[PDB]
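Where a number appears in this text, it was derived from the coordinates with a stated rule and is not lab data. All Cβ positions, even for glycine, are placed from backbone atoms using ideal geometry, and neighbour counts span all protein chains on display.
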Amino acid sequence: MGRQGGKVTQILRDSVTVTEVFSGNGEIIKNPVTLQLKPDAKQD
Amino acid sequence: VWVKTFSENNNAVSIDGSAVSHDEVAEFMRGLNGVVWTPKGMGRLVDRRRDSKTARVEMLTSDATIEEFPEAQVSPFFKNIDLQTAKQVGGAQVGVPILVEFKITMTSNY
Amino acid sequence: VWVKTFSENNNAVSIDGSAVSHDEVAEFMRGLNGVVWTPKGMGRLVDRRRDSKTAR
Amino acid sequence: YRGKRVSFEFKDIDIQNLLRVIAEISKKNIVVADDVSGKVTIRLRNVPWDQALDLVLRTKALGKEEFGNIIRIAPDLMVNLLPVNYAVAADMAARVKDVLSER
Amino acid sequence: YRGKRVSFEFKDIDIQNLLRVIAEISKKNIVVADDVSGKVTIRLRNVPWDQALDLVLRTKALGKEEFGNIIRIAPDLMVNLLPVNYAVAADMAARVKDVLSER
Amino acid sequence: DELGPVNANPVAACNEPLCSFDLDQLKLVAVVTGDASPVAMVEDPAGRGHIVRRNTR
Amino acid sequence: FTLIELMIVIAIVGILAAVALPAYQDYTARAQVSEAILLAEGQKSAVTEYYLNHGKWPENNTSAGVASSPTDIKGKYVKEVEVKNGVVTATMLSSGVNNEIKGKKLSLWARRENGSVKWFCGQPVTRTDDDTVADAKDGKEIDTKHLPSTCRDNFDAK
């Protein structure tokens, strides 16, 4: 999924771990993000 | 020549103007179109003109909604519905205009 | 000669053009066909032409 | 239909405001239609919100439909929790329904 | 009508998505018609899927017809399993039907 | 020539209300609290309701 | 020159049917409602007995000891009859009825007289407590004009 090609690696009931592809200071590196379920939340 | 008011709606322009005589208004009207208009629809903007509630110059007949058949044509781009009205305003001892006040409504193309 | 707009629907073509006179439009119209048309159906594309909503 | 416990105090406020407020507290992202209703008054204590919501609907307010992430809502009083230590809650239902009538 | 046990949590999702998801888990190959319904919310725990399905149908969703390999489907809440250790389940049916009414 | 085609009138404008009115004019209507953090509800001298929370203005 | 006796008399029977149309159409509806009432009654027995024997109104048909299924107490113009806490409501079918009375209903409810009860008949009502009911205000009530003189009771009739 996603522009960083976020590969599904784990699936829980509340959350989903994926491996994404970010340019860390110029290097292409793995980013191990975990997408939680949708409650109420806000950020900028 | 100069004219008075111009008010559009992205389908038709209802204009308000004046010309020098039965000639320059004829030149202007020829430059557009000439039409046999038929079933006119009455709408709240007409009455807002009778109310004075939408500012304009109430020498003018009203309206801006109808169905048009071509009589004569000069601009392929414009469908004038008709010279809605025309009245030669003389003025007074304080000053002239003498010319022919008029009103036209016209849908363009596309 | 050149013409203006051309818009089709895989059954009919509604065209928009111009010609030199009562002659080349007569040549062009003769080159096609001539018909007594009768019961016309009114459809929402006509009013989209009255609306200006379909460019022509 | 499960949440943190809350106390809802609304003194003459738009249900749209109560709704947004309820989304700003992570009780989903709530969005109304445009013109749902108007203004309401409620005052709750010790009620989880998702309930104080179901309860707000019944006051004046709307019904709720959830897309999942967002929920759409379309067109004092108080709340108190009663513990029932001894009896089952369902055995009260006959008598409690009978007070309400068409109220 | 037999399957692995599962927990279905759907927060505002297209029944077509729940369906596909349910086919991606080897619960047949499921295919809808095109426009079946819309979006639903359910949250189940400890339910075999083929049941969580029958149960999804009754929520909003559709009825199911199986070809054999493929199945066609055409146009929180929660689920909980109650063990009945002592009584037969059918003896409850009179009383349980009587709570539901037209609900 | 432009109306026969497609029409949008973009938002970039003013609309920014309570920073145009004085604080002692505003009246606390209600408060909401739950997992989405606590939020206050406040009334304008123009009778609008607003919702504001810790860190907002 | 002549033939107007055939033309007028065919056109007076035509207008006679138009005048006889609304009369047969409320006489008719008023007739289809008089049955919803008969189907509602005769179930008073079950409900009365249940109340006097237990002191509590029967919660539903099964409690009252009647076709456990509301739909099993239907008729030609009656789509059913449900007992809800001693209140017996009759619903008008959707096929075979007037036009402004289908899917519409009435209710029969009783009141403790102490040692016996008295029955009422009127527009749909809901039971609040063992001795109080209220208008099931919702819009599906059979219009007063279609109800007998014997079934004009109000929620607070005593």
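Return the long-range amide H neighbours of B:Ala19 (sequence gap of 5 or more, or a different chain), with a cut-off of under 5 Å between placed amide H atoms.
B:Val100, B:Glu101, B:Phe102
Taking every residue in D:92-98, how many Cβ atoms of other protein chains lie within 10 Å of its Cβ, on average?
Numbers: counts 0, 2, 5, 3, 0, 7, 11.
Rounded to a whole number, the mean comes out at 4.
Sort G:3-9, E:52-58 for me by packing, meaning the mean count of neighbouring Cβ atoms within 10 Å per residue, highest on top.
Peptide ranking by packing, descending: E:52-58, G:3-9.
Do any GluC sites (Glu not before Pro) in the stretch B:46-84 lie in a loop, going by DSSP, with at most 15 other beta-carbon atoms within 10 Å of their beta carbon, and if so which?
B:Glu58, B:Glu67
Tally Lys and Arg at +1 and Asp and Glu at -1 over the other residues with C-beta under 13 Å from the C-beta of E:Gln16: what net charge comes out?
Details: positive: E:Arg20, E:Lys39, E:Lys60, E:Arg72; negative: E:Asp14, E:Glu24, E:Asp34, E:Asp35.
Local net charge: 0.
Summarise the partner chain shielding of D:4-14 as one whole number: the mean count of Cβ atoms from other chains within 10 Å of each residue's Cβ.
Going residue by residue through D:4-14 and averaging, the value is 6.
As I understand it, the dipole of the protein assembly as shown uses +1 on the Cβ of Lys and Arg and -1 on the Cβ of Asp and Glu, about the Cα centre. Which of A:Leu35, B:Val3, G:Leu38 lies farthest toward its positive end?
Result: A:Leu35, furthest along the dipole toward the positive end.
Output the 0 to 90 degree angle, nearest 10, between the alpha-carbon long axis of helix G:5-40 and the longest principal axis computed from the alpha carbons of chain G.
10 degrees
What distance in nm separates the two pseudo spin-label positions at E:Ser7 and F:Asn7, each 7 Å out from Cα along the beta-carbon direction?
Here the answer is 5.5 nm between the modelled labels.
Net charge within 13 Å of G:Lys158 by Cβ-Cβ distance, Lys/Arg positive one each and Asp/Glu negative one each, not counting G:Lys158 itself?
Result for the neighbourhood of G:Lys158: -1.
Which angle from 0 to 90°, rounded to the nearest 10, does the C-alpha axis of helix G:44-54 make with the longest principal axis of chain G?
Compared with the principal axis, the helix lies near 10 degrees.
Calculate for the protein assembly as shown the 222 nm mean residue ellipticity that helices alone would give, adding -39,500 (n - 2.57) per DSSP H run of length 4 or more and normalising by residue count, nearest 500 deg cm²/dmol.
Working: 13 runs with 145 residues, N = 631.
Only helices count here, giving -7000 deg cm²/dmol.
Please compute the modelled spin-label separation between A:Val21 and C:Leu45, points set 7 Å along Cα→Cβ, answer in nm with one decimal.
Modelled inter-label distance: 4.6 nm.
Taking A:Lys38 as the anchor, which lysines have their alpha carbon closer than 18 Å to its alpha carbon, excluding any fewer than eight residues away along the same chain?
Once the sequence-local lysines are set aside, what remains near A:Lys38 is D:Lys4, D:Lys27, D:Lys28, D:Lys64, E:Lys11, E:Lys39.
Using R₀ = 51 Å, calculate the FRET efficiency as 1/(1 + (r/R₀)^6) where r is the Cβ-Cβ separation of G:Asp26 and A:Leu37; round to 0.05.
Details: r = 60 Å, r/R0 = 1.18.
With a Förster radius of 51 Å, E is 0.30.
How high is the relative contact order of the stretch G:2-158, in percent, counting Cα pairs under 8 Å that sit 6 or more residues apart?
That works out to 18 percent.
Could you list G:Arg127, B:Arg49 in order of exposure, starting from the residue whose Cβ has the fewest other Cβ atoms within 10 Å? Mind dumping the intermediate values first?
Values: G:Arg127 24, B:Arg49 20.
Placing the least packed residue first, the sequence is B:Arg49, G:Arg127.
Pairs of Cα atoms under 8 Å, at least six residues apart: use those to get the relative contact order of chain F, whole percent.
Rounded, it is 22 percent for chain F.
Quick one: net charge around F:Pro17, please, counting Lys, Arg +1 and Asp, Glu -1 for every other residue with C-beta under 14 Å from its C-beta.
-2
With the contact rule set at Cα under 8 Å and sequence spacing of 6 or more, what percent relative contact order holds for chain C?
Taking the mean separation of contacting Cα pairs over the length of chain C, I get 21 percent.
Can you run phi through the Karplus equation (6.51, -1.76, 1.60; θ = phi - 60°) for the stretch E:93-103 and list ³J(HN,Hα) in whole Hz, with x for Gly and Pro?
The phi angles translate into 4, 4, 5, 5, 4, 5, 5, 4, 6, 8, 8 Hz.
Label-to-label distances across copies for E:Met78, with labels 7 Å out along Cα→Cβ, in nm, shortest first?
Distances to the matching label points in the other copies: 2.9 nm.
Across the stretch E:44-57, in residue order, what do the Karplus-derived ³J(HN,Hα) couplings come to in whole Hz, using 6.51 cos²θ - 1.76 cosθ + 1.60 with θ = phi - 60° and x for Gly and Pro?
Working through the residues one at a time gives 10, 10, 6, 10, x, 5, 5, 7, 3, 4, 3, 5, 5, 3 Hz.
Averaged over peptide D:27-36, how many Cβ atoms belonging to another chain are found within 10 Å of each residue's Cβ?
2
Starting from chain C, pick out the chymotrypsin sites (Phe, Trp or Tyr not before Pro) whose DSSP state is loop and whose Cβ has at most 15 other Cβ atoms within 10 Å.
C:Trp2, C:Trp37
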